[PDB]
$ cat entry.txt   # compact mmCIF, N, CA and C atoms and all ligand atoms
# COMPACT_ATOMS: atom_id res chain seq x y z
N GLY C 1 -9.39 22.96 12.91
CA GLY C 1 -8.04 23.30 13.39
C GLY C 1 -7.20 22.08 13.69
N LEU C 2 -6.32 22.14 14.70
CA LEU C 2 -5.56 20.97 15.08
C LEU C 2 -6.46 19.75 15.13
N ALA C 3 -7.59 19.81 15.84
CA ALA C 3 -8.37 18.61 16.10
C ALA C 3 -8.82 17.92 14.81
N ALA C 4 -9.19 18.70 13.79
CA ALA C 4 -9.61 18.15 12.52
C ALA C 4 -8.43 17.55 11.76
N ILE C 5 -7.27 18.22 11.82
CA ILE C 5 -6.03 17.72 11.24
C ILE C 5 -5.64 16.41 11.91
N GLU C 6 -5.63 16.41 13.24
CA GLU C 6 -5.29 15.19 14.01
C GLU C 6 -6.22 14.02 13.63
N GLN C 7 -7.49 14.30 13.42
CA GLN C 7 -8.44 13.23 13.03
C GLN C 7 -8.05 12.68 11.65
N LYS C 8 -7.77 13.55 10.68
CA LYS C 8 -7.41 13.07 9.36
C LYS C 8 -6.10 12.30 9.44
N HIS C 9 -5.11 12.78 10.22
CA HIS C 9 -3.84 12.04 10.31
C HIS C 9 -4.05 10.66 10.93
N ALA C 10 -4.95 10.56 11.91
CA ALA C 10 -5.28 9.29 12.54
C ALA C 10 -5.98 8.34 11.57
N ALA C 11 -6.87 8.88 10.73
CA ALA C 11 -7.57 8.07 9.73
C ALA C 11 -6.58 7.56 8.69
N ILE C 12 -5.62 8.43 8.31
CA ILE C 12 -4.59 8.03 7.34
C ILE C 12 -3.77 6.89 7.94
N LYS C 13 -3.31 7.07 9.19
CA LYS C 13 -2.46 6.07 9.82
C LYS C 13 -3.17 4.72 9.91
N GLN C 14 -4.45 4.73 10.28
CA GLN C 14 -5.24 3.52 10.33
C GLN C 14 -5.32 2.83 8.96
N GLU C 15 -5.56 3.59 7.88
CA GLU C 15 -5.66 3.01 6.56
C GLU C 15 -4.31 2.42 6.14
N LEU C 16 -3.22 3.14 6.47
CA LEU C 16 -1.89 2.62 6.16
C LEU C 16 -1.55 1.33 6.94
N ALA C 17 -1.97 1.26 8.20
CA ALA C 17 -1.77 0.05 8.98
C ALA C 17 -2.55 -1.12 8.37
N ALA C 18 -3.76 -0.84 7.88
CA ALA C 18 -4.57 -1.85 7.23
C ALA C 18 -3.91 -2.33 5.93
N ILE C 19 -3.37 -1.38 5.15
CA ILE C 19 -2.67 -1.74 3.93
C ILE C 19 -1.48 -2.64 4.27
N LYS C 20 -0.70 -2.29 5.29
CA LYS C 20 0.49 -3.10 5.65
C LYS C 20 0.06 -4.51 6.07
N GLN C 21 -1.03 -4.61 6.83
CA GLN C 21 -1.52 -5.91 7.26
C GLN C 21 -1.93 -6.74 6.05
N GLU C 22 -2.62 -6.12 5.08
CA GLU C 22 -3.08 -6.84 3.91
C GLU C 22 -1.87 -7.30 3.08
N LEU C 23 -0.84 -6.45 2.99
CA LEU C 23 0.40 -6.82 2.28
C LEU C 23 1.10 -7.99 2.95
N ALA C 24 1.14 -7.97 4.27
CA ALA C 24 1.79 -9.07 4.96
C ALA C 24 1.05 -10.38 4.70
N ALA C 25 -0.29 -10.33 4.61
CA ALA C 25 -1.08 -11.51 4.29
C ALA C 25 -0.79 -11.99 2.87
N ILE C 26 -0.73 -11.06 1.90
CA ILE C 26 -0.41 -11.39 0.52
C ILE C 26 0.95 -12.05 0.42
N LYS C 27 1.93 -11.53 1.16
CA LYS C 27 3.26 -12.12 1.16
C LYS C 27 3.22 -13.58 1.63
N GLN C 28 2.48 -13.83 2.70
CA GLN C 28 2.39 -15.18 3.23
C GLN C 28 1.70 -16.12 2.24
N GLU C 29 0.67 -15.62 1.57
CA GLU C 29 0.01 -16.42 0.58
C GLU C 29 0.95 -16.77 -0.58
N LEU C 30 1.84 -15.85 -0.94
CA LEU C 30 2.79 -16.12 -2.04
C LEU C 30 3.82 -17.17 -1.59
N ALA C 31 4.23 -17.11 -0.33
CA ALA C 31 5.13 -18.13 0.19
C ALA C 31 4.49 -19.52 0.14
N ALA C 32 3.18 -19.58 0.41
CA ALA C 32 2.45 -20.85 0.30
C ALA C 32 2.43 -21.32 -1.16
N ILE C 33 2.11 -20.40 -2.08
CA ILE C 33 2.03 -20.75 -3.50
C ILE C 33 3.39 -21.26 -3.99
N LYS C 34 4.49 -20.62 -3.53
CA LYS C 34 5.86 -20.98 -3.88
C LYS C 34 6.11 -22.44 -3.50
N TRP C 35 5.67 -22.83 -2.32
CA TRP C 35 5.94 -24.21 -1.84
C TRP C 35 5.01 -25.23 -2.54
N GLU C 36 3.72 -24.96 -2.65
CA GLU C 36 2.87 -25.94 -3.36
C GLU C 36 3.26 -26.07 -4.84
N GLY C 37 3.71 -24.98 -5.47
CA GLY C 37 3.97 -24.98 -6.90
C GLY C 37 5.46 -25.05 -7.19
N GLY O 1 0.88 22.71 16.34
CA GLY O 1 0.53 22.41 14.95
C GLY O 1 1.75 21.95 14.17
N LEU O 2 2.86 22.60 14.41
CA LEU O 2 4.11 22.28 13.73
C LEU O 2 4.51 20.84 14.03
N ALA O 3 4.31 20.42 15.28
CA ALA O 3 4.57 19.06 15.72
C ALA O 3 3.74 18.09 14.89
N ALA O 4 2.44 18.37 14.75
CA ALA O 4 1.55 17.49 14.00
C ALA O 4 1.98 17.41 12.53
N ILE O 5 2.37 18.54 11.95
CA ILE O 5 2.68 18.64 10.49
C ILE O 5 4.03 17.96 10.17
N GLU O 6 4.71 17.50 11.22
CA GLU O 6 6.04 16.85 11.11
C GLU O 6 5.95 15.55 11.89
N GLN O 7 5.61 15.60 13.20
CA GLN O 7 5.39 14.39 14.05
C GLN O 7 3.89 14.10 14.08
N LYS O 8 3.43 12.97 13.57
CA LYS O 8 2.00 12.64 13.32
C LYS O 8 2.14 12.32 11.85
N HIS O 9 2.74 13.28 11.14
CA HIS O 9 3.16 12.92 9.78
C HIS O 9 4.35 12.03 10.13
N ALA O 10 4.91 12.17 11.35
CA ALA O 10 5.97 11.22 11.75
C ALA O 10 5.45 9.78 11.75
N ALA O 11 4.23 9.59 12.25
CA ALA O 11 3.64 8.26 12.27
C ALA O 11 3.43 7.78 10.84
N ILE O 12 2.92 8.68 10.01
CA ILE O 12 2.65 8.33 8.62
C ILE O 12 3.95 7.96 7.91
N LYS O 13 5.04 8.71 8.18
CA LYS O 13 6.33 8.36 7.57
C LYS O 13 6.74 6.94 7.92
N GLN O 14 6.55 6.55 9.19
CA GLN O 14 7.02 5.24 9.62
C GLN O 14 6.15 4.14 9.01
N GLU O 15 4.86 4.39 8.82
CA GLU O 15 4.01 3.35 8.22
C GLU O 15 4.32 3.22 6.73
N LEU O 16 4.58 4.33 6.06
CA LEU O 16 4.98 4.27 4.67
C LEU O 16 6.23 3.41 4.51
N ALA O 17 7.20 3.58 5.43
CA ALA O 17 8.43 2.82 5.32
C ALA O 17 8.16 1.32 5.50
N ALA O 18 7.28 1.00 6.44
CA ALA O 18 6.88 -0.37 6.71
C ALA O 18 6.22 -0.99 5.47
N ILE O 19 5.33 -0.23 4.80
CA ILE O 19 4.69 -0.70 3.58
C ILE O 19 5.72 -0.95 2.48
N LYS O 20 6.67 -0.04 2.34
CA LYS O 20 7.70 -0.20 1.29
C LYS O 20 8.52 -1.46 1.58
N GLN O 21 8.77 -1.76 2.86
CA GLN O 21 9.52 -2.97 3.17
C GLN O 21 8.71 -4.21 2.80
N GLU O 22 7.39 -4.18 3.09
CA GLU O 22 6.55 -5.32 2.76
C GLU O 22 6.49 -5.54 1.24
N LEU O 23 6.44 -4.45 0.48
CA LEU O 23 6.43 -4.55 -0.95
C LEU O 23 7.72 -5.18 -1.46
N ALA O 24 8.86 -4.80 -0.88
CA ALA O 24 10.12 -5.43 -1.29
C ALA O 24 10.08 -6.93 -0.99
N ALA O 25 9.50 -7.31 0.15
CA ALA O 25 9.38 -8.72 0.52
C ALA O 25 8.51 -9.50 -0.45
N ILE O 26 7.39 -8.91 -0.88
CA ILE O 26 6.49 -9.53 -1.82
C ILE O 26 7.18 -9.74 -3.17
N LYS O 27 7.94 -8.73 -3.60
CA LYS O 27 8.68 -8.86 -4.85
C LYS O 27 9.70 -10.00 -4.72
N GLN O 28 10.31 -10.18 -3.54
CA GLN O 28 11.28 -11.27 -3.38
C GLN O 28 10.59 -12.62 -3.60
N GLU O 29 9.37 -12.77 -3.03
CA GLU O 29 8.64 -14.01 -3.21
C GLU O 29 8.23 -14.24 -4.66
N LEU O 30 7.78 -13.21 -5.38
CA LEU O 30 7.43 -13.35 -6.77
C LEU O 30 8.65 -13.77 -7.59
N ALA O 31 9.79 -13.13 -7.31
CA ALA O 31 10.99 -13.51 -8.04
C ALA O 31 11.31 -14.97 -7.84
N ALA O 32 11.15 -15.46 -6.61
CA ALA O 32 11.45 -16.86 -6.29
C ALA O 32 10.47 -17.82 -6.95
N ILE O 33 9.20 -17.41 -7.07
CA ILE O 33 8.22 -18.21 -7.77
C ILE O 33 8.59 -18.31 -9.24
N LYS O 34 8.91 -17.16 -9.84
CA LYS O 34 9.26 -17.11 -11.25
C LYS O 34 10.54 -17.89 -11.52
N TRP O 35 11.49 -17.90 -10.58
CA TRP O 35 12.75 -18.62 -10.72
C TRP O 35 12.51 -20.12 -10.91
N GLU O 36 11.57 -20.66 -10.13
CA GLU O 36 11.31 -22.10 -10.15
C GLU O 36 10.38 -22.46 -11.30
N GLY O 37 9.85 -21.45 -12.01
CA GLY O 37 9.06 -21.68 -13.20
C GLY O 37 7.85 -22.55 -12.90
N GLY S 1 5.33 27.06 6.88
CA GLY S 1 3.99 26.59 7.24
C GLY S 1 3.16 26.07 6.08
N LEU S 2 2.54 26.94 5.29
CA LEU S 2 1.58 26.49 4.30
C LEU S 2 2.30 25.66 3.22
N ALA S 3 3.31 26.23 2.56
CA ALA S 3 4.08 25.48 1.56
C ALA S 3 4.79 24.29 2.19
N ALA S 4 5.09 24.35 3.49
CA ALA S 4 5.75 23.26 4.19
C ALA S 4 4.81 22.07 4.46
N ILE S 5 3.56 22.38 4.81
CA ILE S 5 2.50 21.38 4.88
C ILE S 5 2.31 20.74 3.51
N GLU S 6 2.26 21.58 2.48
CA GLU S 6 2.13 21.16 1.10
C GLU S 6 3.32 20.25 0.77
N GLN S 7 4.51 20.53 1.34
CA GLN S 7 5.69 19.69 1.08
C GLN S 7 5.45 18.26 1.60
N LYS S 8 5.04 18.13 2.88
CA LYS S 8 4.91 16.81 3.47
C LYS S 8 3.74 16.13 2.78
N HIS S 9 2.66 16.86 2.47
CA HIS S 9 1.55 16.19 1.83
C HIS S 9 1.92 15.73 0.41
N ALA S 10 2.73 16.50 -0.31
CA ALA S 10 3.21 16.08 -1.62
C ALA S 10 4.11 14.84 -1.50
N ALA S 11 4.97 14.80 -0.48
CA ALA S 11 5.86 13.67 -0.27
C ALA S 11 5.06 12.39 0.01
N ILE S 12 4.04 12.54 0.86
CA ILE S 12 3.15 11.42 1.15
C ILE S 12 2.47 10.97 -0.14
N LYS S 13 1.87 11.91 -0.89
CA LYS S 13 1.14 11.55 -2.09
C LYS S 13 2.05 10.77 -3.03
N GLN S 14 3.30 11.26 -3.19
CA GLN S 14 4.25 10.60 -4.09
C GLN S 14 4.56 9.18 -3.63
N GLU S 15 4.69 8.97 -2.32
CA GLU S 15 5.01 7.64 -1.86
C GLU S 15 3.81 6.72 -2.07
N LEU S 16 2.61 7.29 -1.90
CA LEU S 16 1.38 6.52 -2.10
C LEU S 16 1.20 6.15 -3.57
N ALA S 17 1.45 7.09 -4.45
CA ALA S 17 1.40 6.81 -5.88
C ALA S 17 2.42 5.73 -6.29
N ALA S 18 3.63 5.73 -5.68
CA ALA S 18 4.62 4.71 -5.95
C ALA S 18 4.12 3.34 -5.46
N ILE S 19 3.52 3.31 -4.26
CA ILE S 19 2.98 2.06 -3.72
C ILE S 19 1.89 1.54 -4.66
N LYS S 20 1.00 2.42 -5.09
CA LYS S 20 -0.08 2.00 -5.96
C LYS S 20 0.44 1.43 -7.29
N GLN S 21 1.46 2.09 -7.86
CA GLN S 21 2.07 1.64 -9.10
C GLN S 21 2.75 0.27 -8.92
N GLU S 22 3.51 0.10 -7.76
CA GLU S 22 4.11 -1.24 -7.56
C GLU S 22 2.98 -2.27 -7.34
N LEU S 23 1.90 -1.96 -6.73
CA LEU S 23 0.84 -2.96 -6.60
C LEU S 23 0.25 -3.33 -7.93
N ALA S 24 0.06 -2.36 -8.83
CA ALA S 24 -0.50 -2.72 -10.12
C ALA S 24 0.49 -3.56 -10.92
N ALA S 25 1.82 -3.37 -10.73
CA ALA S 25 2.81 -4.25 -11.34
C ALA S 25 2.72 -5.66 -10.74
N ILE S 26 2.54 -5.75 -9.41
CA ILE S 26 2.43 -7.04 -8.73
C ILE S 26 1.19 -7.79 -9.24
N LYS S 27 0.06 -7.08 -9.40
CA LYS S 27 -1.17 -7.69 -9.91
C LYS S 27 -0.90 -8.32 -11.28
N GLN S 28 -0.21 -7.59 -12.17
CA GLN S 28 0.10 -8.14 -13.48
C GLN S 28 0.99 -9.38 -13.45
N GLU S 29 1.98 -9.39 -12.55
CA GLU S 29 2.85 -10.53 -12.42
C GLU S 29 2.04 -11.73 -11.93
N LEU S 30 1.13 -11.52 -10.99
CA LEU S 30 0.27 -12.63 -10.51
C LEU S 30 -0.65 -13.12 -11.63
N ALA S 31 -1.20 -12.20 -12.44
CA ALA S 31 -2.11 -12.60 -13.49
C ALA S 31 -1.37 -13.52 -14.46
N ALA S 32 -0.06 -13.29 -14.68
CA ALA S 32 0.76 -14.13 -15.55
C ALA S 32 1.01 -15.50 -14.91
N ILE S 33 1.34 -15.51 -13.62
CA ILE S 33 1.52 -16.75 -12.89
C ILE S 33 0.24 -17.58 -13.01
N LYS S 34 -0.92 -16.93 -12.91
CA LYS S 34 -2.23 -17.57 -12.99
C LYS S 34 -2.42 -18.23 -14.35
N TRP S 35 -2.18 -17.46 -15.42
CA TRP S 35 -2.36 -17.94 -16.79
C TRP S 35 -1.32 -18.98 -17.18
N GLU S 36 -0.24 -19.15 -16.41
CA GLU S 36 0.73 -20.21 -16.64
C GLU S 36 0.23 -21.55 -16.10
N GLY S 37 -0.61 -21.51 -15.05
CA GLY S 37 -1.09 -22.72 -14.39
C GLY S 37 -2.56 -23.00 -14.69
N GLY F 1 -9.59 25.41 8.62
CA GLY F 1 -10.05 24.92 9.93
C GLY F 1 -10.57 23.48 9.84
N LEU F 2 -11.87 23.35 9.59
CA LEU F 2 -12.47 22.12 9.09
C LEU F 2 -13.15 22.46 7.76
N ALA F 3 -12.34 22.97 6.82
CA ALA F 3 -12.80 23.42 5.52
C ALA F 3 -11.66 23.37 4.51
N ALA F 4 -10.52 23.98 4.88
CA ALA F 4 -9.31 24.03 4.06
C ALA F 4 -8.55 22.71 4.12
N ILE F 5 -8.60 22.06 5.29
CA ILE F 5 -7.87 20.78 5.56
C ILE F 5 -8.40 19.65 4.67
N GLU F 6 -9.62 19.80 4.17
CA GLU F 6 -10.23 18.74 3.33
C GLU F 6 -9.40 18.61 2.06
N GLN F 7 -9.41 19.66 1.23
CA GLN F 7 -8.72 19.56 -0.08
C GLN F 7 -7.26 19.27 0.23
N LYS F 8 -6.85 19.65 1.43
CA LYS F 8 -5.44 19.41 1.84
C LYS F 8 -5.14 17.90 1.83
N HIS F 9 -6.05 17.08 2.34
CA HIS F 9 -5.81 15.64 2.47
C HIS F 9 -6.63 14.84 1.45
N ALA F 10 -7.25 15.52 0.49
CA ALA F 10 -8.05 14.85 -0.55
C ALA F 10 -7.22 13.99 -1.49
N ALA F 11 -6.06 14.47 -1.93
CA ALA F 11 -5.20 13.72 -2.80
C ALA F 11 -4.78 12.43 -2.09
N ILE F 12 -4.51 12.51 -0.79
CA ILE F 12 -4.07 11.33 -0.08
C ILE F 12 -5.23 10.35 0.06
N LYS F 13 -6.44 10.85 0.40
CA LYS F 13 -7.59 9.97 0.51
C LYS F 13 -7.79 9.18 -0.80
N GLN F 14 -7.67 9.88 -1.93
CA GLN F 14 -7.91 9.25 -3.22
C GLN F 14 -6.86 8.19 -3.52
N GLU F 15 -5.60 8.46 -3.18
CA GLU F 15 -4.54 7.48 -3.38
C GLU F 15 -4.74 6.23 -2.50
N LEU F 16 -5.15 6.45 -1.25
CA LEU F 16 -5.43 5.34 -0.33
C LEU F 16 -6.50 4.46 -0.95
N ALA F 17 -7.55 5.09 -1.48
CA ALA F 17 -8.63 4.30 -2.02
C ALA F 17 -8.16 3.51 -3.25
N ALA F 18 -7.31 4.12 -4.10
CA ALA F 18 -6.75 3.45 -5.25
C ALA F 18 -5.87 2.27 -4.83
N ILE F 19 -5.11 2.42 -3.73
CA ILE F 19 -4.28 1.34 -3.20
C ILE F 19 -5.20 0.19 -2.73
N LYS F 20 -6.25 0.56 -1.99
CA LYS F 20 -7.17 -0.48 -1.50
C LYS F 20 -7.78 -1.24 -2.68
N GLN F 21 -8.10 -0.54 -3.81
CA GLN F 21 -8.64 -1.22 -4.99
C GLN F 21 -7.63 -2.19 -5.62
N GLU F 22 -6.36 -1.80 -5.67
CA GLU F 22 -5.35 -2.69 -6.19
C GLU F 22 -5.15 -3.90 -5.28
N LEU F 23 -5.23 -3.72 -3.97
CA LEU F 23 -5.19 -4.85 -3.06
C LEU F 23 -6.33 -5.82 -3.34
N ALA F 24 -7.54 -5.28 -3.54
CA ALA F 24 -8.66 -6.16 -3.85
C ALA F 24 -8.36 -6.94 -5.13
N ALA F 25 -7.78 -6.25 -6.13
CA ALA F 25 -7.48 -6.86 -7.41
C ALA F 25 -6.46 -7.97 -7.21
N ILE F 26 -5.41 -7.71 -6.44
CA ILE F 26 -4.37 -8.75 -6.17
C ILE F 26 -5.03 -9.97 -5.51
N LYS F 27 -5.90 -9.72 -4.56
CA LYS F 27 -6.56 -10.85 -3.87
C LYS F 27 -7.41 -11.64 -4.88
N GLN F 28 -7.98 -10.96 -5.87
CA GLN F 28 -8.76 -11.70 -6.86
C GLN F 28 -7.85 -12.66 -7.64
N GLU F 29 -6.63 -12.22 -7.95
CA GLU F 29 -5.71 -13.06 -8.68
C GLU F 29 -5.26 -14.21 -7.81
N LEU F 30 -4.97 -13.93 -6.54
CA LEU F 30 -4.54 -14.97 -5.63
C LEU F 30 -5.64 -16.02 -5.48
N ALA F 31 -6.90 -15.59 -5.40
CA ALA F 31 -7.98 -16.57 -5.24
C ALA F 31 -8.07 -17.46 -6.47
N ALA F 32 -7.82 -16.87 -7.64
CA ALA F 32 -7.91 -17.66 -8.87
C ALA F 32 -6.75 -18.64 -9.00
N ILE F 33 -5.55 -18.25 -8.55
CA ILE F 33 -4.41 -19.17 -8.52
C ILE F 33 -4.70 -20.35 -7.59
N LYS F 34 -5.23 -20.04 -6.42
CA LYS F 34 -5.50 -21.06 -5.42
C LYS F 34 -6.59 -21.99 -5.94
N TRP F 35 -7.56 -21.46 -6.67
CA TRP F 35 -8.66 -22.24 -7.20
C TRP F 35 -8.17 -23.35 -8.11
N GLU F 36 -7.19 -23.04 -8.97
CA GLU F 36 -6.71 -24.05 -9.93
C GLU F 36 -5.65 -24.95 -9.30
N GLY F 37 -5.39 -24.74 -8.01
CA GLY F 37 -4.43 -25.60 -7.30
C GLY F 37 -3.06 -25.02 -7.44
CU CU C 101 -1.45 16.23 6.90

$ encode --input "entry.txt" --output "structure tokens"
Amino acid sequence: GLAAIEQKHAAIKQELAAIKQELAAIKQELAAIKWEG
Amino acid sequence: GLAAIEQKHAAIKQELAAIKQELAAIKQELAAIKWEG
Amino acid sequence: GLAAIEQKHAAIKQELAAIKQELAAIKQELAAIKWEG
Amino acid sequence: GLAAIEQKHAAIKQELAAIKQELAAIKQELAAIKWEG
């Protein structure tokens, strides 16, 4: 019921936060590559 | 339940938007790398 | 309710599929940058 | 309940996993760029 839905929504949100963090890291790495190259 | 199916998905909506912004930022860096050849 | 849940889940899926597609485009652009250097 | 909600969020789980795979792929390209300087 609600509780199972709430768990899945929480798991989704966590995975999305992880994706955003990984993207922010990739962006910073590209800024580094831009300056060295 | 209605709250969760809209708000909670509310959290998911906001993380999706954050990811889309990061993707736009990454594309900006790639364009700048490609510009400098 | 049911079709409305299906609405938000379809909207999420579509945004996720768009994110995945832009990432696969980003991977290709990086692979080219790699093969240039 | 905790039966119908599964297939409900299955498409999203699969997209998340596909996104995570593309992130891994992007990081592979970034590591190879960094390797060659
Ligand atoms: Cu949901």

$ closest_atom_pairs --input "entry.txt" --of "chain C" --to "chain S" --cutoff "12 Å" --atoms "only C-alpha atoms" --output "CSV"
residue,atom,partner,partner_atom,distance
C:5,CA,S:5,CA,11.3
C:9,CA,S:9,CA,10.9
C:12,CA,S:12,CA,10.5
C:13,CA,S:12,CA,11.6
C:15,CA,S:16,CA,11.7
C:16,CA,S:16,CA,9.7
C:19,CA,S:19,CA,10.2
C:20,CA,S:19,CA,11.0
C:22,CA,S:23,CA,11.9
C:23,CA,S:23,CA,9.7
C:26,CA,S:26,CA,10.6
C:27,CA,S:26,CA,11.1
C:29,CA,S:30,CA,11.7
C:30,CA,S:30,CA,9.5
C:33,CA,S:33,CA,10.2
C:34,CA,S:33,CA,10.9
C:37,CA,S:37,CA,9.3

$ atom_distance --input "entry.txt" --atom1 "atom CA of residue S:24" --atom2 "atom C of residue F:25"
8.5 Å

$ closest_residue --input "entry.txt" --among "F:28, F:17, F:3, F:8" --to "ligand CU 101 (chain C)" --atoms "all atoms listed in the file"
F:8

$ calpha_fit_and_write --input "entry.txt" --fixed "chain C" --moving "chain O" --output "short mmCIF file (atom, residue, chain, number, x, y, z; two decimals) with N, CA and C atoms, in the frame of the given file"
data_model
loop_
_atom_site.label_atom_id
_atom_site.label_comp_id
_atom_site.auth_asym_id
_atom_site.auth_seq_id
_atom_site.Cartn_x
_atom_site.Cartn_y
_atom_site.Cartn_z
N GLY O 1 -8.33 22.84 13.74
CA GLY O 1 -7.36 22.49 12.70
C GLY O 1 -6.36 21.47 13.20
N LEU O 2 -5.93 21.65 14.43
CA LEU O 2 -4.96 20.75 15.04
C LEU O 2 -5.52 19.34 15.11
N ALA O 3 -6.81 19.23 15.42
CA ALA O 3 -7.53 17.97 15.46
C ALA O 3 -7.45 17.30 14.09
N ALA O 4 -7.74 18.05 13.03
CA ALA O 4 -7.72 17.50 11.68
C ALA O 4 -6.31 17.03 11.30
N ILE O 5 -5.30 17.80 11.67
CA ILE O 5 -3.88 17.54 11.26
C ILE O 5 -3.30 16.33 12.03
N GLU O 6 -4.09 15.81 12.97
CA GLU O 6 -3.69 14.67 13.83
C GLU O 6 -4.81 13.65 13.76
N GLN O 7 -6.06 14.04 14.12
CA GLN O 7 -7.27 13.16 13.99
C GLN O 7 -7.97 13.51 12.68
N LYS O 8 -8.07 12.60 11.73
CA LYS O 8 -8.52 12.83 10.33
C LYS O 8 -7.30 12.26 9.65
N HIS O 9 -6.14 12.78 10.08
CA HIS O 9 -4.92 12.07 9.67
C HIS O 9 -5.05 10.85 10.57
N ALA O 10 -5.84 10.94 11.66
CA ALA O 10 -6.08 9.71 12.46
C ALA O 10 -6.74 8.62 11.62
N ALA O 11 -7.71 9.02 10.79
CA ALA O 11 -8.38 8.06 9.93
C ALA O 11 -7.38 7.49 8.93
N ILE O 12 -6.57 8.38 8.37
CA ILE O 12 -5.59 7.96 7.38
C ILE O 12 -4.59 6.99 8.01
N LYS O 13 -4.16 7.27 9.26
CA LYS O 13 -3.24 6.34 9.93
C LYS O 13 -3.84 4.95 10.03
N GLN O 14 -5.14 4.87 10.37
CA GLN O 14 -5.75 3.57 10.59
C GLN O 14 -5.91 2.83 9.26
N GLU O 15 -6.17 3.54 8.17
CA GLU O 15 -6.32 2.85 6.88
C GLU O 15 -4.95 2.38 6.39
N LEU O 16 -3.91 3.17 6.60
CA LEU O 16 -2.58 2.74 6.25
C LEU O 16 -2.23 1.44 6.96
N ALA O 17 -2.59 1.35 8.26
CA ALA O 17 -2.26 0.15 9.01
C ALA O 17 -3.01 -1.07 8.44
N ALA O 18 -4.26 -0.86 8.07
CA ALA O 18 -5.09 -1.89 7.47
C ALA O 18 -4.48 -2.38 6.15
N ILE O 19 -4.00 -1.44 5.31
CA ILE O 19 -3.35 -1.79 4.06
C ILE O 19 -2.08 -2.60 4.31
N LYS O 20 -1.29 -2.19 5.30
CA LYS O 20 -0.04 -2.91 5.60
C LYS O 20 -0.37 -4.33 6.06
N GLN O 21 -1.48 -4.50 6.79
CA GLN O 21 -1.84 -5.85 7.22
C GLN O 21 -2.24 -6.70 6.01
N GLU O 22 -2.99 -6.09 5.06
CA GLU O 22 -3.40 -6.84 3.88
C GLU O 22 -2.18 -7.25 3.04
N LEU O 23 -1.19 -6.36 2.95
CA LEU O 23 0.01 -6.67 2.22
C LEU O 23 0.75 -7.83 2.87
N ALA O 24 0.81 -7.86 4.20
CA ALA O 24 1.45 -9.00 4.87
C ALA O 24 0.69 -10.29 4.55
N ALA O 25 -0.64 -10.22 4.50
CA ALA O 25 -1.46 -11.39 4.18
C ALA O 25 -1.21 -11.89 2.77
N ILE O 26 -1.08 -10.98 1.80
CA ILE O 26 -0.82 -11.32 0.43
C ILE O 26 0.55 -12.00 0.29
N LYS O 27 1.54 -11.46 1.00
CA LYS O 27 2.86 -12.07 0.98
C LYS O 27 2.78 -13.48 1.56
N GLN O 28 1.94 -13.71 2.58
CA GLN O 28 1.83 -15.06 3.15
C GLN O 28 1.32 -16.03 2.09
N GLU O 29 0.30 -15.59 1.30
CA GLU O 29 -0.22 -16.44 0.26
C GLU O 29 0.80 -16.71 -0.85
N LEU O 30 1.58 -15.71 -1.27
CA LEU O 30 2.60 -15.91 -2.27
C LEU O 30 3.64 -16.91 -1.77
N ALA O 31 4.05 -16.75 -0.50
CA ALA O 31 5.02 -17.69 0.03
C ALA O 31 4.51 -19.10 -0.03
N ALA O 32 3.22 -19.29 0.29
CA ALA O 32 2.61 -20.62 0.29
C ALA O 32 2.50 -21.20 -1.11
N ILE O 33 2.24 -20.33 -2.11
CA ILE O 33 2.20 -20.77 -3.49
C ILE O 33 3.59 -21.24 -3.91
N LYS O 34 4.60 -20.42 -3.60
CA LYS O 34 5.97 -20.74 -3.98
C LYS O 34 6.45 -22.00 -3.27
N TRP O 35 6.00 -22.24 -2.03
CA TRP O 35 6.38 -23.42 -1.26
C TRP O 35 5.97 -24.71 -1.98
N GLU O 36 4.76 -24.69 -2.54
CA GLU O 36 4.21 -25.89 -3.18
C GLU O 36 4.73 -26.02 -4.61
N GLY O 37 5.46 -25.01 -5.10
CA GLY O 37 6.11 -25.08 -6.39
C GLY O 37 5.10 -25.33 -7.50
#

$ closest_residue --input "entry.txt" --among "S:14, S:32, S:1, S:6" --to "ligand CU 101 (chain C)" --atoms "only C-alpha atoms and all ligand atoms"
S:6

$ atom_distance --input "entry.txt" --atom1 "atom C of residue F:18" --atom2 "atom C of residue F:35"
25.9 Å

$ atom_distance --input "entry.txt" --atom1 "atom CA of residue S:10" --atom2 "atom CA of residue O:10"
14.5 Å
